[PDB]
Amino acid sequence: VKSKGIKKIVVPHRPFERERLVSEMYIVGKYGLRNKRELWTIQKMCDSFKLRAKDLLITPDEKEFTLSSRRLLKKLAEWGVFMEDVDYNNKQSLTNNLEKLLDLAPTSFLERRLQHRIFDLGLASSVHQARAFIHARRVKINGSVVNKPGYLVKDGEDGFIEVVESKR
Amino acid sequence: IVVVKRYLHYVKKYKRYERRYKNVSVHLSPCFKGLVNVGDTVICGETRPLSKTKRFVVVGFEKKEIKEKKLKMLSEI
Amino acid sequence: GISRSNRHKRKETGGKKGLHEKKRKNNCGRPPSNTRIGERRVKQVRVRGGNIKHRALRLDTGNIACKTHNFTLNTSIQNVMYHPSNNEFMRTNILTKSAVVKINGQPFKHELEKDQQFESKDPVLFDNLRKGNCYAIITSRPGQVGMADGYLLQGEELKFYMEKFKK
Amino acid sequence: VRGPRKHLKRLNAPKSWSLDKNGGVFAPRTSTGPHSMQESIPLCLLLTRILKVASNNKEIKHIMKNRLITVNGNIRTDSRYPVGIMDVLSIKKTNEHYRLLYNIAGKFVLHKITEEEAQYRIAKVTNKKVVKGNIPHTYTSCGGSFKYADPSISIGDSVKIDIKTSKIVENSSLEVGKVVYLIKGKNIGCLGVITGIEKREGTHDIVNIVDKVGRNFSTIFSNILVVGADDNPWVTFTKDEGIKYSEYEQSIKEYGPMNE
Amino acid sequence: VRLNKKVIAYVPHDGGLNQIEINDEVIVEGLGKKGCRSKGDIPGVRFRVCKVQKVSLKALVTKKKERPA
RNA sequence: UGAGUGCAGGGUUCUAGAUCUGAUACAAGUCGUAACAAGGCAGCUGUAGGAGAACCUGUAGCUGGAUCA
RNA sequence: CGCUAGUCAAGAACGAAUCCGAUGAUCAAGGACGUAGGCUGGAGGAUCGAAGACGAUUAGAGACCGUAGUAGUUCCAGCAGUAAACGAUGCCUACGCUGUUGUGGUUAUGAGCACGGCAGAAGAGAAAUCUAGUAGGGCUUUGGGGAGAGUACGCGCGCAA
RNA sequence: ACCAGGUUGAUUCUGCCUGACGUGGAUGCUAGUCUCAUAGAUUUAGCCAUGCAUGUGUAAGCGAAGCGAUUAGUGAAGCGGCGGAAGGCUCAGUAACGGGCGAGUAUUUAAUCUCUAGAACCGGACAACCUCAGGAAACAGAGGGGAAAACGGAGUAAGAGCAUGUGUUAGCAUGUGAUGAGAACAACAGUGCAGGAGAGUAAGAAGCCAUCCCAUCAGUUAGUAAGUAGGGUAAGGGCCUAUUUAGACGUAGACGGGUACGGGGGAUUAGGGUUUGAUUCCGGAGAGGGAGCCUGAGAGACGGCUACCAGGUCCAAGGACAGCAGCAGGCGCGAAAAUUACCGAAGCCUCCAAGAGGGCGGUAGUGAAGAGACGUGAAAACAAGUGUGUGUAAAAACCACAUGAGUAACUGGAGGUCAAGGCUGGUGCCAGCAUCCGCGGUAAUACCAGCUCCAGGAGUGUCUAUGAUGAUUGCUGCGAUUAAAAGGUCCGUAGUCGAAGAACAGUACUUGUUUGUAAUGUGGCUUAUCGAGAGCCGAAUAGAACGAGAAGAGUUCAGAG
């Protein structure tokens, strides 16, 4: 049926391709994700930014290039993903940095997720018990609880994250 | 009288054109009676309906051209 | 009833067309009014938007204008002499626009006699008026406007129409 | 359809009204009146949105049953009455006065004014006719009619109206160097000064304009109202004086020009 | 029922023929080729049985459910 | 202005029918053996006769022939 | 399309300082020709020989082989419209390596122009081989896994086939 | 912007079958929590029990009975006024004014706006009221009063058309004239109604351009094509009729037949494409099938009327009534689709209204059609429960605090394609399995089971259409010596295609400016714990208006051949 809402995953063309199976298995294992759908969701997000960079570099006009480059780079800096010293009002560096985006990887999006941040900031003994503190309300940000492990943490929120003891 | 108008239509898939035409029946007045004939080109203006098929009237014409009935030199030169 | 739509009409290429609607009132027609000569009888018809139209069934008289001398008079109508569309409307004496009619000439005779040049300007009209012949043409639409009005035939108009009457 | 239309679906209503798509299926169908339906707004949208003074239909009723609201000097009692451009709105209690104008985006907006500006409006001249008893008349864009005005006023000029007497006060014509306001098109709500006019036959005249901060833009005469005797404007315009910026310009102005 | 033709259908499972009586109602299904075509080694048969008396034949054969009776 | 209904015809789509005649599948039934080797008369294309049946015979052609001579 | 003379029209190629000036390429519909075998009428009838009849050979031969024998095989006036009608390679127009051998004209005797054969090469192609090399030049015909099927129904031509 | 298995004793090719992946319906087995969408379209535009979906009154049109009164009052039966022509449902018919873009006439328009703008007398009835009183019911009679801003007449303003001057063209002058009206009331301090001229809204008719398959459908048409004159209409016009002229349309596909609600848009997609559109927006048509119609500003109306045909319902047998392609609901038909639920609240529409009405619309209930975010433990310490408050029209859910606690996985597979066992027991070409290739004749990693593994996971298998796979439909981009495939040879029309040199012109061609897109989609930003979601911004297709450039295309010339 045709109805509201987008679809956020793309199914792989070959269901039993051995190099894909092994490399996916590793990354789910290491990062403590629920199933293959969590991973595929991040992959589509990553692809979208790569497409924008491609389009910008090949555009003929200057007005669009100067306008939309800035927006793309600023956004990815705020998420804490693309960390480099982009200088504005300088055409060459904008081109240089756009080229550096083109080999961005899903690992970089994964490491901004709250489940990984909690463990990485040494507030939990494993990526597993980090998830188990996001459930059951033990994790709090700016004085308010966050129930969802997929919460992507912007650059500089790290000062305000906290854990509290269990209710028992 | 019957006037033909001609034009080209672009077919997107094959990236090429086809020739087309349409027939329009127009009113000719007695003031033009001897002057306009087959092959000539004519300018017509729009009006309210005159009959089942007729909506334009001939308002003037451009006569199918002759540059010159070419010169013949005198035999004396 | 009667319709003015082109539902039933063929295409210009000679082919038939299919019907895609039942009839609509906004293209209704009405039966002809056949105005006869006689004592006045006129009917009032309620028309679109609540307007009124006046339909003459029988008429006795008309206003008739003289164009050269610039006066108008009111006179009885005798009979139709000629009708351009159909020979039948003449023999049954039906009134329409462009019908040519015989009328009482005496009022016109009394007025035109005042001009000392009258005989010299139009001898054929003068002769007709002596012989008791007086002819006019109707300009109004009796079935629409509810009355008949016209002008007296003079000069070359007489010369033209009199040739249509003669056997 | 067997007869005249009564309803108006929310997705079909003018983009100038700026109403939220998701809340309900209908919108108010303006009553017949001064301006066209495409160039005006019903009064109940003004009181609930543009200038918030009611929040429910019961309150909208009450305000007008008590006879509070005055438009062009007359008290109004139809909630669906249309108001248009250059159209003084007022509440005599608390002595408030407003004109109706466009945002730079082309939406409608109310602008607060003093009791001086509240005395006049501007319209455009559409036709001239002589009427039974040999009486000259003139007519304007918003269905206005005027008896024994100055005969020299020409079709296409713009006229200033005194709201209390309902007479014409001043007249201005379409010439080089005068101030113009933009009613419809790509550049709604812009304000500028005439560079040059190119005359066309049997078709609209093309007018070329310079903006106050340098930008040229041209449009057809049918979208322009002339809003001053020569140099400078009659009516007071918005907090921002009708300058429109591209997203490109907004970026340059925010982060600085691209250096060599 | 829908055409008043009489057709041949195949009965899939191990003991499947025992789950059907004469004058039972059955629902019938396609074999999965592009046109209606024979599949495997069965000559000239073009459909297979799916349900008997409103219940799944797979459940009947494997004794997970019983006849409506 | 016309609904309905008489009587003849047409145009479409389905369906019945004594009997005849095609095709396809026939584990392997009966009679021969026409083709593939110079397959035991080299094969094949057109046309015309004939014949249980493959096919056979006259006439013109072709090599994809058993001969690049 | 193959004996010799005489006669009657038109065409191809070659030589060259003749004339006219875009008159041209390809082609549904429409029209003319088309080996052999066949058909309608006339002439004729040597040789060969479908059909038909015998003699042998074989389990059986109705066939192959031998004896005999008719329609046809020839000519004039027509109908018909198919072939392994094949170099199984559409028609105009290009760009393209060498050696050798023909046919007809012309020649500074060095060569050319039109129509061919042959042998390598380089490219090409699944190979065999090359009318198949290079290529978004123009226009028409035409194929889309085997079978059923070039068959059924309708239609057009033909005396019939 | 991608491949794999399958003709042979092996090989290299042509070629088709099958797998692997989106999406629309149907269905098996299994199912913890919360949020956003959507549901008798496909078959029968088949048939329908019941209840509801359209009515409205003020200080201010007329006011009967009743009640009551020192000649007051009341409170309203009917009449009048305004609406019932919108919205809701469906896709039968239509190859067309059905669809896109421009333009504003040859037209009519209750309400509403601006300017302007009204000295008028007389008479009956109809309904309700009162007295009889019919009929099985549905529905009606006699007789007698009496009102209006209801209705008909009188005068009177006004006044269509016709003719001539003058200003196209209003206007004015003059002659002639059919027709022929009109509302006030209340003071809580206002509300109405007559005439004009211009607007505003809505239709009717028109201009240009685009539109499906069959040639085993090649000729079609005679109001057909046109002219003159008249009738008719709100209005142009063969729209209709009389006499004259023979036209109009076709191989660039006429005419006939089959099929179809049309767009904005949807699905797939590197690009070029291929498929669909009953279905939130716009426009069209219908109300069992056909046809006629009154009233009105507006209907050829069906929750109006009238007749036939097909079907029904009640009767006292004489007659009456009725039409769910509105909302619930029932029966059928099918492989196929929810509650005879609440609603002085949100968005809007209707009236004579500080109020009344609305199944239009909103709120929940039901269902693994679709789309988000999360449970099923951690190494010290875990959903779903419950109670208060909130929330709403009232609710439930959601959220806040406080109490208990310790519950929570299945579907398809394991010989190759294709991830994962020659494990143990039965069966012996049986029973079965297998999209394809193939397994089983007593030593079956392939059947039937046990046990371990694999894949996705609140989900997974199957069937059926379609897009991709596919350069197996080829514009980009395939083939025709032998694999399927160049007409036996010429002539030839329509069609498609056509030198050099010197000049010329602007309609195609390309481009500027201006128009032309609500939703959806595209580039962004901001707020619901997060993410779909919601809100605001910017640019945009095809199509049209006006300019510009002249290479290619086009037209002409001859001291060129």
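Neighbour counts run over all protein chains shown; Cβ positions are idealised from the backbone, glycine included. Read the figures in this text as sums done on the coordinates, not as results from a lab.
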Checklist entry - Which value results for Rg/Rh of the range C:1-121 when Rg is the Cα radius of gyration and Rh the Kirkwood radius based on the inverse mean 1/r? => result 1.16
Checklist entry - Based on the Cβ-Cβ distance of B:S25 and B:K63, what FRET efficiency does E = 1/(1 + (r/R0)^6) give at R0 = 30 Å, to the nearest 0.05? => result 0.85
Checklist outcome for this item: Computed over chain C: longest principal axis from alpha-carbon atoms vs helix C:156-165 long axis, angle to nearest 10 degrees, is 70 degrees
Item to check | Value at 222 nm in deg cm²/dmol, rounded to 500, when DSSP H runs of n ≥ 4 in chain A each add -39,500 (n - 2.57) | outcome: -16000 deg cm²/dmol
Next on the checklist: Please rank C:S33, E:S56, B:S75, fewest neighbouring Cβ atoms within 10 Å first, as an exposure proxy.
Outcome noted: B:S75, E:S56, C:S33
Checklist entry - Between C:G62, C:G14, C:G29, which gets the highest mean-square fluctuation from a Gaussian network model of chain C, Cα cutoff 10 Å? => result C:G14
Checklist outcome for this item: So the compactness index of the range D:78-138, its C-alpha Rg divided by 2.2 N^0.38 Å, takes the value 1.54
Item to check | Per-selection Rg to Rh, the protein assembly as shown - Cα, Kirkwood hydrodynamic radius | outcome: 1.13
Checklist entry - the range E:14-29 to the range D:164-203: how many Å between their Cα centroids? => result 87 Å
Item to check | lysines whose Cα lies under 22 Å from that of C:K53, excluding same-chain neighbours fewer than 8 positions away | outcome: C:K25, C:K43, C:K97
Checklist entry - For the range A:111-138, list residues with backbone N below 11 Å from a point placed 7 Å from the Cα of A:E84 toward its Cβ? => result none
Checklist entry - Gap in Å between the Cα centre of the range C:49-82 and the Cα centre of the range E:35-69? => result 95 Å
Item to check | Selected from D:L11, D:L45, D:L182 as most flexible by GNM, with chain D as the system and alpha-carbon contacts under 10 Å | outcome: D:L11
Checklist entry - At C:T61 and C:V145, where each label point lies 7 Å from the Cα along Cα→Cβ, what is the point-to-point distance in nanometres? => result 1.7 nm
Next on the checklist: Tell me which trypsin sites (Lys or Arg not before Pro) from chain E have a DSSP coil assignment and no more than 12 other beta carbons within 10 Å of their own.
Outcome noted: E:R2, E:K5, E:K6, E:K33, E:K34, E:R37, E:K54, E:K63, E:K64, E:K65
Checklist entry - For the range D:109-169, what is the per residue volume of the convex hull drawn over the alpha-carbon atoms, in cubic angstrom? => result 96 Å³
Checklist outcome for this item: Rounded to 0.05, the calculated FRET efficiency for the beta carbons of C:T92 and C:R4 at R₀ = 25 Å is 0.40
Next on the checklist: At 222 nm, what value in deg cm²/dmol follows for chain C if DSSP H runs of at least 4 each add -39500 (n - 2.57) and the sum is divided by all its residues, to the nearest 500?
Outcome noted: -5500 deg cm²/dmol
Checklist outcome for this item: Correct response: the longest run of chain B lacking exposed GluC sites (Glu not before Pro), defined by DSSP loop and at most 14 other Cβ within 10 Å, is B:1-64
Item to check | chain C - percent relative contact order, Cα under 8 Å, separation 6 or more | outcome: 21 percent
Checklist entry - Under 17 Å from a point 7 Å along the Cα-to-Cβ line of E:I42: which residues of the range E:1-15 have their amide N that close? => result E:6-15
Checklist outcome for this item: The whole-number value in µm²/s of the Stokes-Einstein translational diffusion coefficient for the range D:1-144, with Rh from the Kirkwood sum over alpha carbon pairs at 20 °C and 1.002 mPa s, is 126 µm²/s
Next on the checklist: Neighbour counts of other C-beta atoms within 10 Å: give me C:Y135, C:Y151, D:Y181 arranged from fewest to most.
Outcome noted: C:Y151, C:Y135, D:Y181
Checklist outcome for this item: With the convex hull built on the alpha-carbon atoms of the range B:1-43, volume per residue in Å³ sits at 78 Å³
Checklist outcome for this item: Under the 7 Å Cα-to-Cβ spin-label approximation, D:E59 and D:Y245 lie apart by a distance in nanometres of 3.5 nm
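For chain D, calculate the relative contact order in percent as a whole number, restricting contacts to Cα pairs under 8 Å that are 6 or more residues apart. Could you put the intermediate results ahead of the total?
Details: 450 pairs, mean separation 30.3, N = 260.
RCO, chain D: 12 percent.
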Checklist entry - If each residue's Cβ is checked for other Cβ atoms within 10 Å, how do B:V24, A:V139 rank with the fewest at the top? => result B:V24, A:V139
Checklist outcome for this item: Heads up, the range D:84-217 by the C-alpha gyration tensor (a ≥ b ≥ c square roots of eigenvalues; a/c under 1.5 rounded, else a/b over b/c prolate, else oblate) looks oblate
Checklist entry - So what is the 222 nm mean residue ellipticity for chain E from helices alone, if each DSSP H run of at least 4 adds -39500 (n - 2.57) and you divide by all residues, rounding to the nearest 500 deg cm²/dmol? => result -1500 deg cm²/dmol
Checklist entry - Taking a label point 7 Å from the Cα of B:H9 along the Cα→Cβ vector, which residues of the range B:24-43 have an amide N closer than 20 Å to it? => result B:24-25
Next on the checklist: How big is the range D:24-80 along each principal axis, measuring the range of its Cα positions in Å and listing the largest first?
Outcome noted: 33, 28, 17
Item to check | Cα shape, the range A:18-168, gyration tensor, a/c 1.5 rule | outcome: oblate
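From the square roots a ≥ b ≥ c of the eigenvalues of the alpha-carbon gyration tensor of chain D, which class results: rounded (a/c under 1.5), prolate (a/b over b/c), or oblate? Numbers along the way, then the final one.
On the way: a/c = 1.57, a/b = 1.08, b/c = 1.44.
The shape class here is oblate.
Listed here are the pairs C:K109/C:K167; C:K102/C:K167; A:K63/D:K186; which of them are more than 22 Å apart at the Cα? Please report the intermediate quantities before stating the final value.
Details: C:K109/C:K167 27 Å; C:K102/C:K167 17 Å; A:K63/D:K186 19 Å.
Too far apart for the 22 Å limit: C:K109/C:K167.
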Checklist entry - Taking a threshold of 24 Å on the Cα-Cα distance, which of the pairs D:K15/D:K212; D:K112/D:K244; B:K5/B:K52 fall above it? => result D:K15/D:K212
Next on the checklist: Among A:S126, A:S68, A:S23, which one shows the highest mean-square fluctuation when chain A is modelled as a Gaussian network with alpha-carbon springs under 10 Å?
Outcome noted: A:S23
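How high is the relative contact order of chain E, in percent, counting Cα pairs under 8 Å that sit 6 or more residues apart? Numbers along the way, then the final one.
Working: 79 pairs, mean separation 23.9, N = 69.
So the answer I get is 35 percent.
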Item to check | HN-Hα J in Hz across the range D:119-128 - Karplus 6.51, -1.76, 1.60, θ = phi - 60°, x for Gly and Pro | outcome: 8, 9, 9, 10, 9, 10, 8, 10, 7, 10
Checklist entry - So, in Å, what gap is there between the alpha-carbon centers of the range B:55-77 and the range D:13-87? => result 70 Å
Item to check | Cleavage-rule hits, chymotrypsin sites (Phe, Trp or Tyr not before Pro), the range D:114-148, DSSP coil, Cβ neighbours within 10 Å at most 15 | outcome: D:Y148
Item to check | Note, ³J(HN,Hα) from phi for the range D:210-221, Karplus 6.51, -1.76, 1.60, rounded to Hz, x at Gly and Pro | outcome: 10, 7, 5, 9, x, 7, 8, 8, 10, 8, 8, 4
Checklist entry - Tell me, what is the Rg over Rh of the range A:1-105, with Rh the Kirkwood radius over Cα pairs? => result 1.06
Item to check | Directionally averaged shadow of chain B, computed from the convex hull of its alpha-carbon atoms, nm² | outcome: 10.5 nm²
Item to check | Sites C:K114 and C:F160 - FRET efficiency at Förster radius 22 Å, r taken between beta-carbons, to 0.05 | outcome: 0.25
Checklist outcome for this item: HN-Hα couplings for the range D:169-186 via Karplus (6.51, -1.76, 1.60; θ = phi - 60°), in whole Hz with x for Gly/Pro, come out as 10, 8, 9, 9, 10, 7, 9, 4, x, 9, 7, 9, 10, 10, 9, 8, x, 7
